[PDB]
């Protein structure tokens, strides 16, 4: 299998420089260009530049000229990207992809890496606070939930009743609050008459802080 | 069969230039009175006579980065060689 | 620049899908266009290159067409795995550059379903910490277009709300949305009526759900 | 995509059965379709391949036909062992992929039979647990379609009942249905009249069975 | 006589991986493909991937790409399927099936295994509570039964009067409740005139949990 | 008689192909310009003439996995061998 694998330190201070590595395998390194493409959360793909392992030539998108350097080490089958003067707007998933230098078959970005995150933040690691969204009870259906507030970095995971509760669960994407910390909610709908027969607990994990909280949600 | 002489016949059939000025050492641009759109029509005719696709974008990219010379793709004796390689690669 | 239309296609399995991509200028760069498919959490995947050539291992129901300024990706009959986002892409020399369209989402069409709306006061737990989060839930609705408006003692709230949305449920293909209103504890204890007003085409008029702090 | 119509066929034993499977898109030049039979608790069994070829050992009463998008399985005369679910299947290459239709259930047609309805209060033994399960039984009815509503002190209930149905009875080919209303003991004690109302085409009007908690 | 036998651990935790063996016999293993097809409860057939013992090649359905690995051991005449990152939506019966590589005769999935169950659940093994559905006080035919509640995993068996009562018995399919446990009822109709002369006892067995319960159902 | 010559006669009777341009070293698709549907009518006639069913899909699938070459099925000299094996398999 042809493979490209991105790597790098995720959390970077504003104003700092990040270096991402693209380790490739399964194909002749000097027969393909390396492209760099990034995707901010919720946004589309944005091309950043092209690197040529044969001679080391480059071409960068206008938006990044002056801030970006693409290099490579052909003996290591690895391309590199340095993005300088980072801001919040550089928080994205960063991809490398290959493009044939000397062939007309699959003449496009035919193989890509899995992508690696760069999060430009002044925040420190912080475990979430977990608050109940109590059922104040939809035709014999009640809604309850848990608000997982103020954590860094991503991700948190949520299960209900240690996973036994699956139907009707909606765990929303995290949002970035103006404070620089993330927050998300997880909700579930149940038969209203089950509120007096059944315990409802949200199990919240935040591995960067080793946080594992079980919060019961009571009527 | 000479691939060059095949190519030269196609150029003479398309451009309003005499066959005798079409030489193996001639640059298709720069040396023959041929502009970009004329060359695209020549490329299409080459593509059909030989059953190939001249990779004009990737060739020009290669020259841009200096990993290839203009002469190796567009001087006619070398173009004939690139064509033979494309035909062989089609297998 | 590339422009993709429409932003969202809502179709059922088995139906033909036609996606459009328009360029800023007629594609001087050999009438080249590439199409990519992307699913959540996944890398993009090459479908089409050179406007019309299918990449290796791509099913024959994907076809590309067009030239100059206007191109299309056609999925002759949608399979379940085809509901995804699709991007087009152009390239040019002098200088080397590549650009992507903003993407078209192919989603699963279904009948209109109005949301079930629920409002949640801030927990007493959180209130001890000095902040108040009020949450409004819009559960299992279709289509995705929905408007949430917050009022505090009938005063319209602006700038202190954030929302996020699930992807289409794997069972009923509906969406769910949560909106969170952020107030100071002092602000929260100083007002009484908290209301979330939800506009959606499944409703005869916007629906309001409210609570009075302290019942 | 393969679509099988209708989803359920109701026929008497000995009758001719015609099952349809249509492809969203024409099935190549190969026109390959396979048919599979499945009984409850058993693995699928290949009946027809290449649209019209019987697999070895399949009785001659099974025949297949069709081309392009339209295909049919025919059972010339239904034997008792033929009331089962039938799936159609197509295949493709580059990439290799197999897809199924969602199946057609061939069901035993019989005369209409009205359900006998019974309502069970929760046992005192369960009430100690703090849970009250109220059960309404619809016994030996045909056809399958039936509506069950719960009324608690004449108020219609929703969202707190679940129903299960048996397969067709081996002897009389009828259906049986249970609807189970689950409540807290506390909520069970806040009301007195529990009523199950059953609509079925064998009845001249919906029938209600009820009890008074504690009688 | 040609056959295929699936086997594997049924009960798996969410997020775990399951490995299913398909042991075949009665035919030349290398002359046939091995397909994997699954069937979620009450749903249709879903093709997962094809394994080719002649060289070990595979093609996976796009839905499972990255999550599934198909292998085989020819000298053991056995195929294998690994499915990773399980969720509740992977609870299904998993089938393996043969399909001839070299012939247009019986050109389809002409033999299948019996199927083997995978239940993706965090629940602990628990025996059922059994409650009478007592026949009412208010001639004719009377209905009675037993409610079999809150057990895991499937199945329970129910008999009546230790097999002496079979006519009129209807035992309903199990329902997975929102709590993670299963529930069902078994009912029977008898003449009313028999309530004072014949006792009625449901015999409820749950092999996974060391539980057998006989519940007398009194008028 | 040779199985190849039976196949060549069938191909000449079914499609717009003269019998003397059909050679044992010819690839049925790439060398003789046979479409999909013409080849299906040829397969049908082969199937009737020899009492077999060419497993065209399964042969394509075999090639996809790399378990087989396109030449071992559709070069006509080899297709004859495949037909003879299919005739023996039904025996």
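A, B, C, D, E and F are the chain letters, set down in written order, and residue numbers restart from 1 in every chain.
One rule holds in what follows: a contact is a pair of C-beta atoms (placed from the backbone, for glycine too) under 8 Å apart; a residue touches a chain by one contact, two chains touch by 3 or more.
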item	value
Steps in the shortest chain-to-chain touch route ending at chain F and beginning at chain D	1
Comparison of A-C and B-C (more C-beta pairs in contact)	A-C
Centroid comparison with chain A (C-alpha atoms), farthest chain	F
Rotation, 0 to 180 degrees and nearest 5, that superposes chain C on copy chain D via CA atoms	5
Computed distance of Cα centres, chain F from chain B, in Å	40
Mean-CA-position distance for chain B and chain A (Å)	47
Inter-centroid spacing, chain D versus chain B (mean Cα positions, whole Å)	69
Touching two or more other chains - residues of chain A	59, 107, 138, 141, 191, 194
Two or more partner chains touched - positions in chain D	50, 94-97, 99
Sequence positions of chain B contacting 2 or more other chains	61, 64
Chain contact topology (line, ring, star, complete or other)	other
Each pair of chains that touches, named by its two labels	A-B, A-C, A-D, A-E, B-C, C-D, C-E, D-E, D-F, E-F
Contact footprint of chain E on chain A as seen in their complex	159, 161-168, 190-191, 194, 198
Complex interface listing, chain A residues touching chain B	52, 54-55, 57, 59, 100-104, 107
Chain D contact footprint on chain E (complex, rising order)	35, 37, 44-47, 50, 59, 61, 95, 104, 106-115, 129, 131-134, 136, 141, 143, 145, 147, 149, 170-173, 175, 177, 183-185, 187, 189
Chain D - residues contacting chain A, complex	130-131, 157-160, 182-187
Touch list for chain D against partner chain C, complex	1, 3, 24-25, 92, 94-95, 97, 99
